[PDB]
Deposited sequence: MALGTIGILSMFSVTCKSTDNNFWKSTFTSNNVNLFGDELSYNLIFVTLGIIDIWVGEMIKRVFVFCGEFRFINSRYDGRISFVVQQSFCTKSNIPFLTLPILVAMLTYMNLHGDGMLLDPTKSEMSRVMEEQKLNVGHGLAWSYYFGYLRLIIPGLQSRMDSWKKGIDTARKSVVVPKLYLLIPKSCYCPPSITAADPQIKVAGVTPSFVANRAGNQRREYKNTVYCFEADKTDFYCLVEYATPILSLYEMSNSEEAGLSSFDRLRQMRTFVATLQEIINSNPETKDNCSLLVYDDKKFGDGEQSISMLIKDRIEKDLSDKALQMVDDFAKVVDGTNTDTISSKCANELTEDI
């Protein structure tokens, strides 16, 4: 049936509790400590936000740097600890990316929304129950639900942005345009 192919709401709740709720809270404070390590002649903007890439094809390439060689790994925050299910502790580190634009170095966190890779696989699969699968519809439920979850948590609301785009430009260019849009409003506030 089509109902077993209602998958997007699940992918969102899983991505949040299994990952985003763990790696995002605290991010501003971590970037404040990390930012103090930049000491250069170069103008640099450090944005304490994770930019989540949601390509329309749902194809998540395995390396950011390989998809856009303008986005280069700048380093990594110090490790921190986060808890699932009350008491299940794991160590994490945020990976900082850097791209140059308009003679200024921009630093942020960037990742693909890896759960949508299953949307890609379900749409190209051969498996049996998949005839009435609608990739864009599930990608929309994912985005919509995930956006609502992220907004409902003040530890994630302002430190996370979902970037939906047609991957058929470049991702660094997309991120630069979003950073400009976001930074204007944070100054307005």
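Absence of C-alpha coordinates is noted for several segments of the deposited sequence, namely 1-130, 299-304, 326-354.
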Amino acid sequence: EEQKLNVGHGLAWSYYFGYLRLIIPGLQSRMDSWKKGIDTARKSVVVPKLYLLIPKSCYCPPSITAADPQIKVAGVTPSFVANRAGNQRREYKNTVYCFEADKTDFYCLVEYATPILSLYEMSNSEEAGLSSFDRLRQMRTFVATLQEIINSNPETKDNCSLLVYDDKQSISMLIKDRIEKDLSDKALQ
From here on, numbers count along this sequence of modelled residues.
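Taking only CA atoms, the mean B-factor in the PDB entry is higher for 83-91 than for the other of 107-115 and 83-91.
Stretches 6-14 and 177-185 differ in mean C-alpha B factor, with the higher average recorded for 177-185. Of the candidates 127, 134, 148, 121, the PDB record gives 127 the highest C-alpha temperature factor.
Ranked by Cα temperature factor within the chain, residue 55 sits in the lowest third according to the deposited record. Among all modelled residues in its chain, residue 31 ranks in the highest third by Cα B-factor. In the deposited entry, the Cα temperature factor of residue 38 sits in the top third of values across the chain's modelled residues. When all modelled residues of the chain are sorted by CA temperature factor, residue 76 is found within the highest third. Per the PDB record, residue ranking by Cα B-factor puts residue 44 in the highest third of the chain.
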